[PDB]
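Opening piece of a complex, kept in its complex position:
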Amino acid sequence: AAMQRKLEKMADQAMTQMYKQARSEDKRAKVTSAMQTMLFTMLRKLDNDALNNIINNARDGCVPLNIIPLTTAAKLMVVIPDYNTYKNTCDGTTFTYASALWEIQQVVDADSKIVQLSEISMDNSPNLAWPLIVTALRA
Amino acid sequence: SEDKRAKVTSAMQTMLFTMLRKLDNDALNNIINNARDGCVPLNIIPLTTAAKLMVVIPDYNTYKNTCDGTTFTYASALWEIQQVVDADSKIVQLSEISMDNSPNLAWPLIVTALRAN
């Protein structure tokens, strides 16, 4: 009679608590990896030519070393791992990054040795170590 | 109700008898025995008897004006600087607290000093 309905309600309320516990544990565990996927999902959805260039550079290797500054007189340095990542990113002394024009000051090598902007050419490229940290200010 | 009571009683009296041994010394006994009726304000017990000072300095101008050197003066006493750290609880050397090396370190700096005899 009523006792069977009471036992049924008890089973239901005992199952809808173990379900909540399982889902809560699952969300607690899967965090720090679903949040990064969500972040990049909603970053590719913005479609900004400033964020997209940074993301492409970073997935190829041209990563910054400090916070990118939004002031005209501040200073920025990045890491150029390859030659092709330099041949298309920079021309002469004008640096193109984060949809802004930057002007190179000094280019240090992997041994903290200043390598000149005239020596960085396609022919005499492969005789370096090529983590060429370059420095620049936005124009 | 009857077992938690004894536990918290032991805990409270252990805390009291612990912070009591860090307190009783000649400084306190000497500043209380100078009062006319054994009663002194609380705000002057650490100001006069404490053997360690902690200074929290937000800027470099405040550091230059307050704790410049290895010994400074505060509350009518000489303090000897030791173990100055930054907001990350990392040891900072006295040679690094400069005007041009100021943006390279985390503020505020927490200076620890011992009263000089």
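The structure has been received and is ready for your questions. Numbers count the residues shown, from 1 in each chain, chains lettered A, B, ... in the order given.

Chain A: strands as residue ranges?
Ranges of strands within chain A are A:63-64, A:76-80, A:90-91, A:94-97, A:100-108, A:132-138, based on DSSP state E.

quick one: contacts of the fourth one?
Think strand A:94-97. By Cβ atoms under 8 Å, 6 or more residues apart in numbering or on different chains, the residues outside strand A:94-97 that reach it are A:53-54, A:57, A:62, A:76, A:78, A:89-90, A:101-104, A:134, A:136, A:139. Where C-beta positions appear, they are placed from N, C-alpha and C, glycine not excepted.

PyMOL command for the buried members of those?
Buried residues within the contacts of strand A:94-97, by 16 or more other Cβ atoms under 10 Å in any protein chain shown, are selected in PyMOL with:
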select buried, chain A and resi 53+54+57+62+76+78+89+90+102+134+136
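
quick check: longest helix of chain A.
helix A:2-30 (DSSP state H).

what distance separates that helix from the middle of the whole chain?
Centroid separation between helix A:2-30 and its chain, computed with Cα atoms, centre = their mean, to the nearest Å, is 41 Å.

same for that helix, what does it pack against?
Contact here means 3 or more Cβ pairs under 8 Å, 6 or more residues apart in numbering or on different chains; DSSP states H and E; on that basis helix A:2-30 packs against no helix or strand.

Mind listing what's buried along that helix?
By neighbour count on 16+ other Cβ under 10 Å, the buried set for helix A:2-30 is empty.

Stretch A:72-79 too?
Quick answer for stretch A:72-79 (16+ other Cβ under 10 Å): A:76, A:78-79.

What's the end-to-end length of it?
End-to-end span of stretch A:72-79 (Cα to Cα, to the nearest Å): 21 Å.

again with stretch A:108-120
12 Å.

which residues sit against that stretch?
Identification of contacts with stretch A:108-120 by Cβ under 8 Å, 6+ apart yields A:86, A:92-93, A:104, A:106-107, A:128-133, A:135.

okay, now chain C:
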Amino acid sequence: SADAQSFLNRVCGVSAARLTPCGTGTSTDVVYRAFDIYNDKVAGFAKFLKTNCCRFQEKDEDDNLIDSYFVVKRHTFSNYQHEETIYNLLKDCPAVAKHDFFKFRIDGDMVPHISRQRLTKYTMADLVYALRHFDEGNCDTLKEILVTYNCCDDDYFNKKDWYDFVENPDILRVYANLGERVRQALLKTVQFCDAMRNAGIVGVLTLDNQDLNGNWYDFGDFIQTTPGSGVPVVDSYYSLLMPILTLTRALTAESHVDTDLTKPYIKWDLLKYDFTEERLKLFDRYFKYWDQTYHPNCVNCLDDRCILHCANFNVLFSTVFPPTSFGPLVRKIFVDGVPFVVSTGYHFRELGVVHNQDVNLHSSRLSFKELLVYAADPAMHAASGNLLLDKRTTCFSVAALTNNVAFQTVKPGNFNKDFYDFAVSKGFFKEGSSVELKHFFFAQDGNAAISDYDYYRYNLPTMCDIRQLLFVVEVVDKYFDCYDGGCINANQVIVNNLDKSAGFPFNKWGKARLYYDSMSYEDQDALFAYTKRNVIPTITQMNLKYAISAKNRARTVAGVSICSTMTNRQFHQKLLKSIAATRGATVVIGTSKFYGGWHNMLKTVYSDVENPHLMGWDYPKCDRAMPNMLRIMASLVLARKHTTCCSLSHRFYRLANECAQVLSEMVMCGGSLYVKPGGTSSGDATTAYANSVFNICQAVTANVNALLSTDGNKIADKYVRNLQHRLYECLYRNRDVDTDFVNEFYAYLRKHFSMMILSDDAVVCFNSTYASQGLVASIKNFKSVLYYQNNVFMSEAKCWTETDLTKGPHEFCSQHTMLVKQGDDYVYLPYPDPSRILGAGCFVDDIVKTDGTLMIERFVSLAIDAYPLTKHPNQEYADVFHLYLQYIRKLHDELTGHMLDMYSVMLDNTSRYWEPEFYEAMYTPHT
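So, slotting chain C in with the rest:
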């Protein structure tokens, strides 16, 4: 003109001065000087048209003008001879201007003149009025006074917010530049009173008869007596002058060696805490003829009105003494030959020195309640800690309890991407829309806790007008008469949330349940009886708050000890429960807004006002800037319910405990102890009720200032004119309490100024005609009162006014009003900001709140709150509610789809949340 030239030559006369005729050879009719008059026809502190003086101005060499005038009165002949006789007696006093009585043929026959010399342009009454009735757009006299006496320059007024106390706090220095002038005026007043007494003169000393140099004149209402038996009446003078004594820091010269501002500060002894004879000396030096008893230690006061009076004087005098002499007073106590250091007293800035009564040395053991009161005492915590010099704040720092400083940060909120995707799928969050996300979880860095604690720099020592305050308090007491209070036993306390913290240092060993279970009922009763004879100072712990908001400012919350709450419950809970259970009163606390509570509240405020307008204001930095005198007043009107269960000593020691624990306790911010100057405590139970008391107090003060500052000769109503006359008479004359007029003024307020008060949030329905005529308070009156009694500037852009009652209040408790048709009746429903509901839905403070299917009740409550938006004329506002219902439906559908999948099968009463009948019935009266 030969007439004017001869009149000028006679006005100069003997004292060689170069005078220029400011005005003409007739009266000048000065533009609206402030007067303090009380006669059979008018009474009040207002601005009148003085028109019986022929002023002149004196110029030194180089022919440039000075701030020294020759005022020449032209009254009658009997008053001429009377003033001449009265002046011939006080002539030798140095605080008396020259007068040079003479007769000059003006209209053909020897009009008599009285020519006082070298006074000033303005008068102490003008300074007090300018600083009390402060209008930021009509402050010409204040500017001229500040420039004339070299406190600042016109370039200082060229800047913006120059008058503000929160923005530009340099106005405090600019004001304090007048302190020595005000203090020399006080000294001249005391000299004049002494001369009047020694000469046998009886008369009232009013502010409008004294220069800004201090000299006195206008001996028109003075009577002779036997020499040595004179008596000056100085109630209104000192009472009106008091609020600007602490604004201008008049007693700063008393902190120096020879009471002059050039010598070094007094090197007070560091072990000294009494300062009673110093306070008596200050009183006898500056208020010699204030003829009411002053008790430096308020433990000897006769009632709570005496406590208010003497605490006002104490809050004035405590600014002279070193700030390291206040706070608990510790003593060496032996516990089985082992020395302790425990508080055996307290030195308050307002209540003076108070000593505990149950202090026992040489004890063989400590009981449980003795362990509690010794562990809650900051004496042993600060005595065994390290000295601290915190250069980040200007507040007093006692000691650091740890070796490291704690830097506590706040996290960003969690993004509920499913709800946001659903919303933008329904057409929400478009470009240039009506609803936009404006409420987020703002993050904070490590420097947030101490930078928020530093906002206590807005709490300044405020000396109040006591003759006004101890009448406003009677009116507030009339406002709090329908309630029932008193003390309750330990088995009558209704404690909810018994699994929370117990403050510092009790949170190291358990929750509140631990201490409510370890203490018996008689143990709690013994603790409560202990707090009625001894002062227990406690520590409160400040930590950040993790909540959604619209401003990027950090919000801190306080957690007070378990002793403070355990005893304040037994003290105040009966009255608090009674306040929160009364429907239809002024203080609407505990009145729900559902089932027609909003409509009932609004219909109660609208009660019977004749030409009703609505009004509402704010208090800038209310919790930080609330002066200590008003907090003491609130505590006193709350404890006024204990007239049968406690004696005078019990009530005073409960007031002292309240102060030491909630008003000026030791704050533990991080791992360090600081001294809190004043304000309200967040984790106190009675703070929302003290705020209501303070709100009603400020409103009544604005009303009395609005009624007393109008020209009584322009009030057409005889009843209101006589009410203003009797209001002045009951404030500044009539030292006793006139219950009849208190009832009459309370009825006047309730009839023409109807209030709806919560914690520092108010809505007023006032008579618009009486307000436009100046008979009840307006917004400018609240601005003035807050400026001179709260040390804040209330911007008129934060206050609203509604001239149509079918439109409800603009905002009350962050809720808007809307007249909705609900079954043949038009009711007032409260609706929130749609951005608040959407932000509560989109950003959560815990990660599992993003699953949705686990938190359907969370959306049901949000839809309950967002239902009234469905009646709004804007369409996006109703779309909010429909969105919430559709999301609840989708959540239940996918919960079912998951329960049927991961388990075998499942089956009930959820369809009642997909339809608006539930939330609609949530807003109608029961039956």
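
Repeat for the buried residues of helix A:2-30, accounting for chain C.
A:19-20, A:23, A:27.

likewise stretch C:441-455?
C:441-442, C:444, C:446-455.

Widest-spaced pair of the residues you listed?
Distance extremes for the buried residues of stretch C:441-455: the farthest pair is C:441 and C:454 at 23.1 Å, using Cβ to Cβ.

so is residue C:668 in a helix, a strand, or just coil?
State at residue C:668, reduced to three classes by DSSP: H, G, I helix; E, B strand; the rest coil: strand.

okay, now it: neighbour count?
By the other Cβ atoms under 10 Å in any protein chain shown criterion, the neighbourhood of residue C:668 contains 23 residues.

can you tell me which residues contact it?
Residue C:668 neighbours (Cβ under 8 Å, 6+ apart): C:401, C:504, C:539-542, C:674.

closest to chain B among the residues you listed?
Using Cβ to the nearest Cβ, residue C:401 comes nearest to chain B of the contacts of residue C:668, at 9.4 Å.

got the contact list for stretch C:422-442?
So stretch C:422-442 is contacted by C:410-413, C:420, C:546-553, C:833-836, C:838-843, C:845, C:874, C:876-877, C:879-880, C:883, C:886-887, C:890 (Cβ under 8 Å, 6+ apart).

one step back: looking at the contacts of residue C:668, which is nearest residue C:617?
For the contacts of residue C:668, with residue C:617 as the reference and Cβ to Cβ as the criterion, the closest is residue C:542, at 28.0 Å.

And the helix or strand where residue C:881 lies, what's buried?
Secondary structure assigned from DSSP states H and E places residue C:881 in helix C:875-902. Neighbour counts over helix C:875-902 (16+ other Cβ under 10 Å) mark C:876-881, C:883-888, C:890-892, C:895, C:899 as buried.

For the helix or strand following it, C-alpha coordinates in CSV please.
The helix or strand immediately downstream of helix C:875-902 is helix C:917-921, counting by DSSP H and E. Extracted C-alpha coordinates of helix C:917-921, given in CSV (Å, rounded to 0.1, in the frame of the first residue of the first chain):
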residue,chain,number,x,y,z
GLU,C,917,1.3,30.3,-11.8
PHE,C,918,3.8,29.4,-9.1
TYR,C,919,5.8,32.6,-9.2
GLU,C,920,2.6,34.6,-9.7
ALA,C,921,1.0,33.2,-6.6
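
okay, chain D goes in next:
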Amino acid sequence: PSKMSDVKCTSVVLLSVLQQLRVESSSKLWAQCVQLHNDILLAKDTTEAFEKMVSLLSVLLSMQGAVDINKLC
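So, slotting chain D in with the rest:
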């Protein structure tokens, strides 16, 4: 939808990811990130908000904790 709300939600998620990567262990860096986040949440124009988003994303990318090639693909 819009572009301001999108970048505000994305800044919230950026600061969450950066807090998970233990950036609060650097007072200077966490202060800068908090300032950029709070300035994005209060901005009205969608031109400087993208600049602060550039700065915050640069903060995230200048580390070597979060892999950026598997996330991009």
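
Take the buried residues of helix C:875-902 again, chain D included.
C:876-881, C:883-888, C:890-892, C:895, C:899.

Now the closest residue to chain A within chain D: which helix or strand?
Residue nearest to chain A within chain D (Cβ to the nearest Cβ): residue D:58, separated by 3.9 Å. Element membership for residue D:58, per DSSP H and E: helix D:48-61.

what separates the residue of chain D closest to chain A from residue D:33, distance-wise?
Distance of residue D:58 to residue D:33, computed by Cβ to Cβ, to the nearest Å: 11 Å.

on that earlier part again, tell me which ones among the buried residues of helix C:875-902 also neighbour chain D, please.
With the criterion set as Cβ under 8 Å from any Cβ of the partner chain, no member of those is near chain D.

Show me what the helix holding residue C:881 is packed up against.
Against helix C:875-902 (3+ Cβ pairs under 8 Å, 6+ apart) you get helix A:2-30, helix C:417-425, helix C:834-842, helix C:856-866.

The helix or strand just after the second one near chain D anywhere?
Read it as helix C:417-425. Per DSSP H and E, the first helix or strand lying C-terminal to helix C:417-425 is helix C:448-453. No: Helix C:448-453 lies apart from chain D when judged by Cβ under 8 Å from any Cβ; the minimum separation is 8.9 Å.

how about the helix holding residue D:58: buried residues?
D:49-61.

Would you mind telling me which of the helices and strands packed on helix C:875-902 is nearest residue C:84?
helix C:834-842 (73.4 Å).

Residues in contact with that closest one: which ones?
Contacts of helix C:834-842 (Cβ under 8 Å, 6+ apart): C:415-416, C:419-420, C:423, C:428, C:434-440, C:548, C:814, C:859, C:862, C:865-866, C:869, C:876-877, C:880, C:884, C:887, D:9.

can you list the residues of chain D near chain C?
Contact residues, chain D versus chain C (Cβ under 8 Å from any Cβ): D:1-5, D:8-9, D:12-13, D:15-16, D:19, D:24, D:27, D:30-31, D:34-35, D:37-38, D:41-42.
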